[PDB]
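J.: First the structure, then my questions, so here it is.
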Amino acid sequence: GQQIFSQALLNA
Amino acid sequence: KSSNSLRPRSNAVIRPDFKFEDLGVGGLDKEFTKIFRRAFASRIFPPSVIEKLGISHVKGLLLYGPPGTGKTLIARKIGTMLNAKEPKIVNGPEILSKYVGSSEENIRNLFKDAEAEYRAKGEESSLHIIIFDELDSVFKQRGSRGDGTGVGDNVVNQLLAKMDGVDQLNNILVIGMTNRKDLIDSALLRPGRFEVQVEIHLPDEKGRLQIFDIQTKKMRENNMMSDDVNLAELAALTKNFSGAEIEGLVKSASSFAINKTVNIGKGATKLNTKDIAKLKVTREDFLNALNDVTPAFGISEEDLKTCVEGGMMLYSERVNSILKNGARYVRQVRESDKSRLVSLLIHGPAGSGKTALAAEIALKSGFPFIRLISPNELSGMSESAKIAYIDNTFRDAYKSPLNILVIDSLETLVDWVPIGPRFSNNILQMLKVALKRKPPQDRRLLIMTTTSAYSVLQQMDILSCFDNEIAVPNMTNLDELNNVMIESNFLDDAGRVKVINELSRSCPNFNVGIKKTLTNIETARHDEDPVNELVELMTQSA
Amino acid sequence: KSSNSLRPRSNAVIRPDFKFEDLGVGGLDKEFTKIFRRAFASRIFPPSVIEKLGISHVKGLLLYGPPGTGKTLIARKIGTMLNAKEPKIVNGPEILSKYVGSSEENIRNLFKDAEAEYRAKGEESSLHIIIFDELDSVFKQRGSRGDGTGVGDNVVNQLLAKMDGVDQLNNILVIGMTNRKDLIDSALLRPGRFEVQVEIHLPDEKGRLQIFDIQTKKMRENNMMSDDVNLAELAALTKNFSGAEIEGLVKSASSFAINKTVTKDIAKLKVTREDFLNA
Amino acid sequence: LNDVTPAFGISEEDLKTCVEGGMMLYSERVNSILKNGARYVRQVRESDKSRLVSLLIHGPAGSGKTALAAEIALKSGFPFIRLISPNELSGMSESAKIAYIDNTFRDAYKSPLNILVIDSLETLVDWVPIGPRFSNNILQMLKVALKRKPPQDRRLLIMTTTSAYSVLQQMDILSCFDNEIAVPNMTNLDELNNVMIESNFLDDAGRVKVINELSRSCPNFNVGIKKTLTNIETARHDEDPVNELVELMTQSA
Ligand SMILES: Nc1ncnc2c1ncn2[C@@H]1O[C@H](COP(=O)(O)OP(=O)(O)OP(=O)(O)O)[C@@H](O)[C@H]1O
Ligand SMILES: Nc1ncnc2c1ncn2[C@@H]1O[C@H](COP(=O)(O)OP(=O)(O)OP(=O)(O)O)[C@@H](O)[C@H]1O
Ligand SMILES: Nc1ncnc2c1ncn2[C@@H]1O[C@H](COP(=O)(O)OP(=O)(O)OP(=O)(O)O)[C@@H](O)[C@H]1O
Ligand SMILES: Nc1ncnc2c1ncn2[C@@H]1O[C@H](COP(=O)(O)OP(=O)(O)OP(=O)(O)O)[C@@H](O)[C@H]1O
């Protein structure tokens with residue numbers, strides 16, 4: 001019974 | 001250009017060539033007057049006077065009701081029969097996204113074109129429409145259980161801040177539809193956000209006639225319906241039918257009429273030019289179709305038919321008196337305008353036949369709305385589930401102007417056993433509070449409850465909820481047995497004679513009850529139909 | 001386009017050559033009449049007449065029964081012998097995902113092709129089919145299931161809004177199989193969503209005879225079955241059997257014979273009554 | 001005014017619906033009790049150190065207590081009026097009931113003057129005489145909350161209605177009520193006719209006939225007003241002559 005979000009990094 | 005004469009707006013919204021017979025929605029007629037006065041009445045008067053009154057237009061509309069009634073049809077017709085920009089349809093949970101800040105952006109992007117055009121032009125901007133479907137999916141009460149992820153609150157906050165905020169906007173109309181308005185947030189239902197709220201209910205008999213005439217319109221004008229079809233009769237035959245089941249009925253009748261020519265399967269799948277140019281849907285097709293579409297609001301009527309599977313043999317004379325009393329009470333509840341709640345109790349010895357009499361009275365009453373609560377339906381569930389079921393059933397009965405409820409075997413709904421004594425206090429209290437709550441204004445109810453342990457109900461101190469008692473004594477004389485045997489076809493006349501003659505010698509103060517008598521006759525029909533078996537069984541059972 | 005044209009459809013949906021005798025399912029005859037009358041009857045008549053009557057086609061089919069009695073078999077046969085498009089199969093809870101908002105995006109992707117083809121070719125579109133398997137696993141009554149994160153309600157609402165919404169579709173047919181019809185939601189069974197409901201039950205004696213006949217066929221025409229085997233007696237001895245049990249019986253007897261023969265005696269292989277009785 | 005409806009004023013309508021049957025002054029004791037209630041309202045309005053006054057209203061079942069309390073409450077004119085009754089709490093769980101009661105009591109400490117009405121105390125705690133069975137937690141919550149003084153310069157008047165005086169005596173909960181009021185049943189046959197004229201059941205001659213017949217064959221009259229009104233309503237549509245009315249009255253008595 002859990003859920004999750006997500007973030008993002010750009011390119012070096 | 002607006003001349004000196006105060007003439008109506010150039011690009012009006014509703015135009016002057018409009019009438020409620022063009023929409024195509026039948027039944028609801030007062031609701032439409034309300035909707036079209038409150039919302040689309042301040043956009044037709046010339047802008048000058050509406051500007052001299054200092055009032056802004058309403059920017060919200062909510063439609064709620066049971067399943068299969070006409071909400072989405074109204075939304076669709078309103079969206080695509082006006083003079084405005086195309087609607088921005090959104091399905092129920094079509095907003096949510098995966099990344100951290102994309103859901104709120106999706107809710108923000110709906111208003112931007114409207115903002116731009118209001119900023120650029122002013123009061124001449126064309127109306128914009130956006131429609132939320134299944135509103136009760138994401139916008140739930142803040143701070144409640146559920147939505148463990150922090151999404152249940154950010155979405156609601158964004159919508160609240162964007163519908164009435166620090167920057168004004170009055171060229172939008174947002175419309176929402178739902179089956180449960182008890183879960184939508186409480187700050188979304190105040191003037192300024194979703195002002196007009198309308199409930200759409202099941203249709204009336206004249207409403208059913210209007211819906212039937214609406215559906216079978218292209219069929220009649222192309223000469224494809226027979227001349228022995230009377231729509232009034234069909235409206236009469238359909239009792240618990242919603243707007244979305246008449247359509248199913250019509251299409252099933254069409255299938256029956258089609259299938260005769262091209263018999264799918266078999267070898268008769270060959271289409272003959274002659275007989276498809278003379279198609280006609282007839283009455284028998286409709287009557288046959290009535291056996292396919294089973295209404296979902298009338299299941300209990302089949303259980304009230306099952307209850308009386310043994311037939312009402314009018315033995316004795318007390319039965320007629322009981323039935324007459326029941327009819328009198330039904331008539332009184334029908335006519336009187338002040339008696340808005342009448343409750344009865346039907347008590348007697350076990351096996352005397354109470355449920356059958358209650359079911360017979362309820363069936364012959366002829367009311368639109370009838371339901372039954374029985375131990376069978378509640379088997380295996382838990383206490384909370386049972387209370388929820390009882391509450392839901394009692395709430396469904398507060399609509400419509402006439403209702404009937406049959407509560408069966410009260411003492412076994414609360415888990416009674418005399419050793420402790422043990423029972424459930426929660427269910428007992430719920431029923432005690434439910435059998436004294438008057439329905440909403442302008443409604444009536446008639447609650448008939450049976451029991452077989454009168455004394456126990458007396459001890460619990462619950463004998464104040466009821467209003468009148470009906471006793472059902474069991475058979476005592478010996479002619480009643482003769483009538484039952486005559487109506488059951490046990491033996492020939494001679495056989496009945498011998499059985500009654502012998503029984504006279506070995507049975508004083510005969511007292512059995514009908515439910516047992518029928519079973520004894522049934523089982524005695526096999527072993528020894530002569531007197532011996534029936535006499536032995538009736539002696540050992542009495 | 002239209003006009004009076006009393007000639008069959010351009011690309012008929014069923015076929016020019018069809019008969020129930022070759023479908024491959026035995027014991028269910030009334031059920032097939034009902035299904036093919038109510039569902040595939042309006043897709044054969046010329047489009048002109050159907051347009052005149054103001055009718056729309058059926059967009060659902062639910063069929064339920066006890067374990068192992070011929071439900072997936074029907075769902076397979078319907079979706080492979082109808083000149084339609086490739087079925088879109090979703091078996092079990094194959095949609096749930098652990099990212100917020102990605103669970104229902106899988107339910108919205110099953111209808112994209114149908115919408116795209118409907119928007120271009122209005123009423124000349126081919127038939128699209130999607131099969132839901134174990135329907136009762138995820139689509140339970142909304143509001144009653146135990147507390148959680150609120151994904152059950154979103155899934156049910158998404159399917160409800162996609163099956164019958166503000167944008168109309170007239171190309172889709174969706175099939176559902178389940179063993180417990182009571183658990184399904186109440187609003188999914190309304191006419192217009194899952195209109196035709198059918199029940200598959202254990203067969204009677206004639207059903208058992210027909211199943212036996214259509215199971216042992218390729219071994220009766222290849223001259224591999226003895227002459228002392230009588231299927232009427234076997235249909236009489238097996239009582240309360242299901243279709244799956246009869247198939248198991250057949251392959252068990254075949255295994256008996258094959259194990260018995262075990263160099264080139266295979267040329268004479270033949271299944272006999274004794275193998276069936278031992279099975 | 002029929003289109004827009006308040007959202008906070010959803011409990012004064014219920015109080016207004018409890019006196020739907022109408023008030024009839026069939027005697028003078030009714031006037032006396034109403035005057036006493038008005039006196040208490042005046043005292044709580046004009047005083048400064050008496051920030052909490054609690055009353056009890058008790059009597060035989062069916063004597064019309066809730067209607068009388070609602071009538072006193074509605075004529076006060078205070079800014080804030082609220083009612084707690086079994087109908088509101090039906091279907092909830094124990095914890096939900098406690099939370100609801102606590103929040104309603106905490107919402108009464110805002111306005112300068114308040115009135116709170118508790119209906120059928122015995123049924124709020126689920127009392128059944130078989131066990132005896134009842135809920136202890138709710139009883140303790142109510143007992144604690146009926147003696148707590150409100151914050152500075154705020155006044156609250158609590159009125160609670162019960163029909164099991166003896167049961168409350170047994171629980172030892174009778175120390176948290178300042179004054180008590182009784183509402184005895186109608187006991188003089190003349191009062192019946194006083195009601196009858198107010199209801200216009202039958203003609204004057206019929207009224208004389210019924211009163212004379214009952215006086216002939218109905219000593220020690222004891223009915224209660226609710227039952228009397230129900231009987232008159234039933235007798236309107238079945239048989240106007242005395243027979244039905246006299247039979248029903250002698251049955252209830
Ligand atoms: N008042 C009505 N007049 C004519 N047809 C109606 C009416 N109400 C319903 N229908 C028929 O019902 C069909 C489906 O109803 P509708 O689209 O309104 O469902 P709904 O009320 O939104 O249901 P749900 O709760 O499942 O979303 C409509 O296409 C129309 O054929
Ligand atoms: N008045 C009647 N006349 C003829 N048959 C009757 C009558 N009442 C009941 N029956 C028959 O009684 C049988 C059903 O019994 P029923 O369920 O009414 O009994 P009951 O006393 O309510 O049961 P229980 O013992 O569970 O409390 C059916 O055969 C019905 O035909
Ligand atoms: N009516 C039938 N006629 C012929 N074969 C049948 C029939 N019913 C079942 N079978 C045989 O049963 C095999 C498996 O049955 P199937 O997979 O259709 O069962 P099911 O109803 O889907 O089972 P479950 O409820 O376990 O999912 C089929 O391959 C076929 O061999
Ligand atoms: N003095 C009165 N004169 C006339 N009608 C009255 C009077 N007092 C109450 N009534 C009416 O009679 C009924 C009063 O009974 P009500 O149920 O309100 O009180 P109760 O005794 O607390 O009830 P319960 O029977 O539930 O214990 C209501 O219809 C009210 O309108």
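The count begins at 1 with the first shown residue.
According to its header, this structure was worked out by electron microscopy, 3.4 Å.
Heads up, the Cβ atoms here are built off N, Cα and C, so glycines get one too.
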J.: Going by Swiss-Prot alone, which of B:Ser10, B:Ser97, B:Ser382 is annotated as phosphoserine?
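T.: Record lookup, Swiss-Prot, feature phosphoserine, residue B:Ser10.
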J.: Taking ligand 1 as the reference, state which of the binding-site residues B:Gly65, B:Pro67, B:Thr69, B:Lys71, B:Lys354 have a Cβ closer than 6 Å to one of its atoms.
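T.: What lies within reach of ligand 1, judged by Cβ under 6 Å, is B:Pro67, B:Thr69, B:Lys71.
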J.: Roughly how many angstrom lie between the C-alpha atoms of B:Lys354 (ATP binding site) and B:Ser10 (phosphoserine)?
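T.: B:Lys354 (ATP binding site) and B:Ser10 (phosphoserine) have their Cα atoms 72 Å apart.
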J.: Measuring CB to CB from B:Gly348 (ATP binding site), give everything in the same chain under 8 Å that is also at least six residues away in sequence.
T.: B:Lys354, B:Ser452, B:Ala471, B:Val472, B:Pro473, B:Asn474
J.: When the Cα-Cα distance from B:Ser10 (phosphoserine) is computed for each of the binding-site residues B:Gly65, B:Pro67, B:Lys71, B:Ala350, which gives the smallest value?
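T.: Going through B:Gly65, B:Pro67, B:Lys71, B:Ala350 one by one, the closest to B:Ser10 (phosphoserine) is B:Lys71.
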J.: For ligand 2, pick out the binding-site residues B:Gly348, B:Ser352, B:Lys354 that have a CB under 6 angstroms away from one of its atoms.
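T.: Only B:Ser352, B:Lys354 meet the Cβ criterion.
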J.: Quick one: of B:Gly65, B:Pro67, B:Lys354, which binding-site residues have a CB closer than 8 A to some CB in chain C?
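T.: The answer, in sequence order, is B:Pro67.
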J.: Which number gives the other C-beta atoms within 10 angstroms of the C-beta of B:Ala350 (ATP binding site), all protein chains shown included?
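T.: Neighbour count, Cβ to Cβ under the 10 Å cut-off: 11.
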